[PDB]
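In structure tokens, the next block holds one chain alone, the form deposited in one PDB entry.
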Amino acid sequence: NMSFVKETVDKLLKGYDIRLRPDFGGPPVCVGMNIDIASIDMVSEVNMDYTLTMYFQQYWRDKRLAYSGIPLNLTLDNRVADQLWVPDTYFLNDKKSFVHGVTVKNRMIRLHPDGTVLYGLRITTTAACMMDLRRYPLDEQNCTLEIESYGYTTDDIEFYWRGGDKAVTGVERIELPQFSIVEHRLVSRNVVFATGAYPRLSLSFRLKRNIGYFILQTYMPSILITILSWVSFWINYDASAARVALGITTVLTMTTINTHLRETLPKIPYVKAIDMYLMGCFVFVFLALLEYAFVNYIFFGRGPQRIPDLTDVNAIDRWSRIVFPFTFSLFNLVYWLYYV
């Protein structure tokens, strides 16, 4: 029996021209593609890319590989893929990709009696997606994978998603610590370069950044330090040592929070929503300390000489006890409505 399979396979590969595509000179060869996504990781804001591991399958019919007398779908050793024609599929936004090779090259070739070829690869790719992080950490990112044919134009090869919207699976099972995959969708279109028009398949995800991390690490420490800076407004004006120590240490603490976050957070060198909130909180603690310096100067500098009254020391503190909590609430309302 196994001789008949051996004879059949030898017959198929004898005289096989790997240089010729299926249906050469005729209709373009239709290639169907499915992706099973094993994982997504290393979503990099700094490098503007994400790393994707997937089972990339390609489907097409090669009548040269049709066989009869065997009611089996012949799975062959993956090294037979080198003796067969496979599509020249490439990913346009791919920066660094490899086919896994333990314990062997993670590749599959499965023939079918009608001549259909199932060609599977296990690929980890680092795909580039431009990220707009001006709303970070409340940003939402759309990262794609651009599947295209390099050499063959639309006259020679055609791409489609095998299974329609069900072509890509495993997206719902992905666990990203920092993102939630809101939606994924599939697009089939044609792209024109200077060298011709090529089929393109596009797989796009929508990543929404999880905010719970930044509530505990950024916003709550900043809010609580800002509120502490208002405690000086309820301290007697004569307590210069107390209010100055309270004011300048909150400024130092806000600096400590801001400089710590500059290290742990990704280094994105333009202004983001996270920067505006930290700068806004730093202005409030800066102004709260300037409030006492104004209060001290009014009592001592302009005392013997003899909008709040600006001449009553108690009025300035009582004014600040209302305005500073009120403006900071208004600052948050403007901040969160503009970004959420």
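The numbering used is simple: start at 1 and walk along the sequence shown.
Student: Which class fits the unmodelled deposited stretch between residue 306 and residue 307: none, 1 to 3, 4 to 9, or 10 or more?
Tutor: Gap size class: 10 or more residues without coordinates, per the record.
One more form of this protein should be noted, the form deposited in another entry, which is absent from this view; the next part is about it.
Student: Are residue 17 and residue 118 in one rigid part when the chain is described as two parts moving between this form and the one not shown?
Tutor: Yes, the superpositions place residue 17 and residue 118 in one part.
Student: Please check whether, in the other form, the CA atoms of residue 267 and residue 43 lie closer or farther apart than here, given a change of 3 Å or more.
Tutor: Between the C-alphas of residue 43 and residue 267, the gap widens in the other form (3 Å or more compared with this form).
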